[PDB]
Amino acid sequence: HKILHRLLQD
Amino acid sequence: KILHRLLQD
Amino acid sequence: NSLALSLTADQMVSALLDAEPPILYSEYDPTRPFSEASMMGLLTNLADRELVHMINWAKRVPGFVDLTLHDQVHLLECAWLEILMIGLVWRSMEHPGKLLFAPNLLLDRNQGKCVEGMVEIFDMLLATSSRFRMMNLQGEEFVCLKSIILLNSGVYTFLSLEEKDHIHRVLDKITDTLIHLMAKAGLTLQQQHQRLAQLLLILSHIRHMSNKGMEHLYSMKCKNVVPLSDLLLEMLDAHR
Amino acid sequence: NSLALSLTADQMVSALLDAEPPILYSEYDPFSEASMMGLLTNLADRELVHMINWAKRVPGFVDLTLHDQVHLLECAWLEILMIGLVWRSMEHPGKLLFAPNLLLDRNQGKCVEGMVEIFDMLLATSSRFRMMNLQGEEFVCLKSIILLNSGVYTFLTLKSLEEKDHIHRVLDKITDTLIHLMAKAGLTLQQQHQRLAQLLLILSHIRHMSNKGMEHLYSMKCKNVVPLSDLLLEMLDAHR
Ligand SMILES: C[C@]12CC[C@@H]3c4ccc(O)cc4CC[C@H]3[C@@H]1C[C@@H](O)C2=O
Ligand SMILES: C[C@]12CC[C@@H]3c4ccc(O)cc4CC[C@H]3[C@@H]1C[C@@H](O)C2=O
């Protein structure tokens, strides 16, 4: 699970 | 340097 | 979709202008000695915090949010240090000889020498800044460049033939915007394309810098000088 | 004293078409990784001496000091080798035509550790060229910009400053040439600016790959899988 992946919908 | 030579030649 | 595509030139540069991220400050505490590990830690700290605003800016760039997360992630992974670097150069523009990382972190040539490998990149970064000043870069020219670096830099390493060209279709819009700005500044049709080329030719120098710095950054992680935000670790790991 | 400045738009494209290097051959005849990188490096080493004559023959280039030509070329060499190769493999989807009898599949690049990622970027790149139907008279302009743009902000007096502006002067001429060509093919202004950009925006990709191919090239020499020529060594050591 990528930090960037989550940040982009955060 | 090789390139140096090659430039003047 | 078309939100992005159905934009005026001026609606365009407006949207880019207000998407601008804030200039952050440095955790720099001057009542302590300057280490290679100290100032590498300062910069990466600063950088890590800057990535989070960049990610918000990105989503605020027309066209961008229309990509799936894999493409958004890939664009942002491939373009991130370039965007950090073009921002930094803008910042220190009217500080010749210096690089303004944060208004409380303003470094110069020698100060780069405090950590090994760093100075070569300082030197180029400085030169890129001088060239922007020589060329009298406008902020409306800068935000467009920034948006181009986002969309273009990773575009050729994902291809998805139809995401491909809608990225291409936005990137076109931006050169249109960029030109329309040059027209409006009162540049002649031949100055318009001449300068368009000058700007875009620097982006290549910026890709050259990003790559060198990405290589330096990787060295620090490997010589263990500083610990790196788990997020920065993911960014560097997107490179190899 | 600068009569590369007094060229006409067509005396230019014809000058550059005229300087084009010949298309070298492999001396190739089981595929080892040291076997094939032997192949690609003795090919590239031959390539380099032809490139130097073609450099001398790019209008405005021999006006430059000898030390300035050196650096432009050790900065620009692998980029030029790649854009050439990418042009070569244009009408060969999926395959990289290094020599007429050495056309590697995007799979045979697995034969060298981490070579395949680079293959793919080159493949991506010619796929781009192909799809935007890049013309041969543009390619030679592209190829000339690359030599002139790549190392020009790594200059660092009053006289050394006029070099920068000299070469920026010719670089603006090659823009006018590129754009003349597009006027001639019947592209509207908008289609002109926009394609100008498209071409210049891929030059950053080229620079990316050059950067990346230079650290592969370097990791290859260090574990000594094949002996590099002396010129090839020099070309590489200059980046480090
Ligand atoms: C990534 C970096 C540490 C952080 C620096 C940085 C940090 C913040 C910023 O806004 C711009 C830059 C530009 C260069 C960046 C450096 C280049 C590289 O040498 C390095 O370690
Ligand atoms: C130098 C090289 C091996 C030889 C290749 C090569 C060899 C011949 C040629 O005409 C073009 C190219 C383009 C890329 C070049 C490769 C890139 C780099 O990964 C490498 O090891």
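Derivation of every value follows stated rules applied to the coordinates shown; laboratory data play no part. We place every Cβ from the backbone using ideal geometry, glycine too, and count neighbours over all the protein chains shown.
What is the average number of partner chain Cβ atoms found within 10 Å of a Cβ in D:60-67?
1
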| At what distance in angstrom do the alpha carbon centres of segment D:188-205 and segment C:216-234 lie from each other? | 36
| field | Label zone at C:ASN224, where the point sits 7 Å out along the Cα-to-Cβ direction: segment C:24-48 residues whose backbone N lies under 17 Å | value | C:36-38, C:41
| field | Taking the convex hull of Cα positions in segment C:146-240, its mean projected area over all directions (nm²) | value | 8.0
| request: DSSP loop (so not H, G, I, E, B), at most 15 other Cβ within 10 Å: list which GluC sites (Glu not before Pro) in segment C:21-104 pass both filters. | output: C:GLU27, C:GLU94
| Name the trypsin sites (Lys or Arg not before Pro) in segment C:28-120 that are in a loop by DSSP and that have at most 16 other C-beta atoms within 10 Å, would you? | C:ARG60, C:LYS113
| message | Using the Kirkwood radius over C-alpha pairs as Rh, can you work out the diffusion coefficient of segment D:26-85 via Stokes-Einstein at 37 °C, viscosity 0.692 mPa s, in µm² per second? | response | 251
| Rounded to the nearest 20 Debye, what is the dipole magnitude of chain D about its Cα centre when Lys and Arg each give +1 and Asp and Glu each give -1 at the C-beta? | 480
| said: Need the C-alpha centroid separation for segment D:77-143 versus segment C:43-58, integer Å. | reply: 35
| note | With the charge dipole of the protein assembly as shown built from beta-carbon charges (+1 for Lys and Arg, -1 for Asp and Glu) about the Cα centre, the Cα from C:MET214, D:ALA183, C:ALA185 projecting farthest to the positive end belongs to C:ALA185
| note | Checked against the positive end of the charge dipole of the protein assembly as shown (+1 on Cβ of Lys and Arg, -1 on Cβ of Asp and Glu, about the Cα centre), the farthest of C:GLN11, D:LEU200, D:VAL140 is C:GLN11
| note | Of the residues C:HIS53, C:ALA102, C:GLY112, the Cα lying farthest along the dipole of chain C towards its positive end, which is defined by charges on the beta carbon of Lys, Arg, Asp and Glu, belongs to C:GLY112
| remark: Cα convex hull volume per residue for the protein assembly as shown, in Å³, equals 158
| query | Given only helices, namely DSSP H runs of n ≥ 4 each adding -39500 (n - 2.57), what is the per-residue ellipticity at 222 nm of chain C, to the nearest 500 deg cm²/dmol? | reply | -22500 deg cm²/dmol
| field | Largest to smallest principal axis extent of the C-alpha atoms in chain D, angstrom | value | 54, 43, 26
